Amino acid sequence: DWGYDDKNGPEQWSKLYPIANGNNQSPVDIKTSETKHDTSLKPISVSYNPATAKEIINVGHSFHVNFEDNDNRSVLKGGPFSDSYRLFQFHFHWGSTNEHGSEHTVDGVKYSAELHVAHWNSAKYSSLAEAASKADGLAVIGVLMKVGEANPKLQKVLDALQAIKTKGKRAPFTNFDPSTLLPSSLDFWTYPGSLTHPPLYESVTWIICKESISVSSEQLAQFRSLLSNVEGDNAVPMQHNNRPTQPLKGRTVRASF
Ligand SMILES: Cc1ccc(-c2nc(SCC(=O)Nc3ccc(S(N)(=O)=O)cc3)nc(O)c2C#N)cc1
Ligand SMILES: [Zn+2]
């Protein structure tokens, strides 16, 4: 079973997932002196229906908030896309201390956490399963989370975690629009990349927001107090789940700004 421990963690993933050492791996360090302003990039447009929010789940290495993805009620458009992308999930990554925890870095700076809002190409493909095997199948919005003031927009999410404390627990999570978590500016970087954990498929168009959102030290502690163990076992806190940055291998990061 893959994880983030020394034995099952990012450094070992290449043994069952050799794409780990591929040419389009994520995350990356965004060097602002090497980005290329692209005039053809349209603004990002999100239109999410809060009725598509379904369920929150403890998946052992992280937690996921899933959405109903049977129709186009909740869609991403614009940016580098011709196609509409259908929201299916959001989740976070964090680190063992405030010093690190983001997956993407900007000019070598590490943030405390990172929000991923994940979508699949419903213009071209008819399921997440089909879309995840395609170079153009997935679109993920990444938002860097900078330790500081408590973020009240996180409140429904953090309040839900006490019902999913241990691995495999799940609960209804309804009437939530995750566009409320995005920063006020949607200026972005984009590059072609991958899932940041197994199976590490090179199927993702990344959209990284230049503006951070806030999170308090105590809000991060709530993520780290989730348990990776099943109920009844010895408590094993979910201390971290961020992958180190990977080589660009000649990819261009483009800037909308
Ligand atoms: C043996 C095996 C089989 C299936 C899987 C598996 N498959 C999938 S494919 C569904 C998918 O699109 N996942 C996804 C999307 C985005 C990101 S991120 N962090 O934003 O880059 C991460 C994950 N997902 C897993 O979580 C998992 C998991 N776990 C892994 C291993
Ligand atoms: Zn992620």
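Some notes on this structure:
- Selection within the range 49-62 - of a type in the set (G, A, S) and closer than 19 Å to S194 by Cβ: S62
- Screening the range 81-196 for strands (runs of 3 or more DSSP E) wholly inside it with 2 or more residues that are small (G, A, S) and more than 28 Å from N229 (Cβ to Cβ) returns the ranges 138-147.
- Per-region count, the range 5-32, residues crowded, with 17+ Cβ neighbours inside 10 Å and among the small types (G, A, S): 3
- Yes/no for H119 being buried (at least 21 other Cβ atoms within 10 Å of the Cβ) and free of Cβ contacts under 8 Å to residues at least 60 places away in the same chain: yes
- Scan of the range 6-48 for residues that are assigned to a loop (DSSP other than H, G, I, E, B), charged (D, E, K, R) and either within 15 Å of ligand 1 (Cβ to nearest atom) or farther than 22 Å from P198 by Cβ (or both), ordered by number: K31, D38, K42
- Being β-branched (V, I, T), over 22 Å from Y4 (Cα atoms) and surrounded by fewer than 18 Cβ atoms within 10 Å (Cβ to Cβ) is a property that holds for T174.
- Test result for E130, within 16 Å of ligand 1 (Cβ to nearest atom), acidic (D, E), free of Cβ contacts under 8 Å to residues at least 60 places away in the same chain and within 22 Å of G22 (Cβ to Cβ): yes
For every residue, the table says whether it meets (1) free of Cβ contacts under 8 Å to residues at least 40 places away in the same chain; (2) surrounded by 13 or more Cβ atoms within 10 Å (Cβ to Cβ).
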position	(1), (2)
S212	no, yes
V215	no, yes
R224	no, yes
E231	no, no
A235	yes, no
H240	no, yes
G250	no, no
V253	no, yes
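- For the range 75-90, a residue qualifies if it is surrounded by 19 or more Cβ atoms within 10 Å (Cβ to Cβ) and either at positive phi or within 16 Å of ligand 1 (Cβ to nearest atom) (or both), and the qualifying residues are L76, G79, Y85, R86, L87, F88, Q89, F90.
Note: ideal-geometry Cβ built from the backbone for every residue, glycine included; neighbour counts use all protein chains shown. Coordinate-derived values only; no laboratory data.
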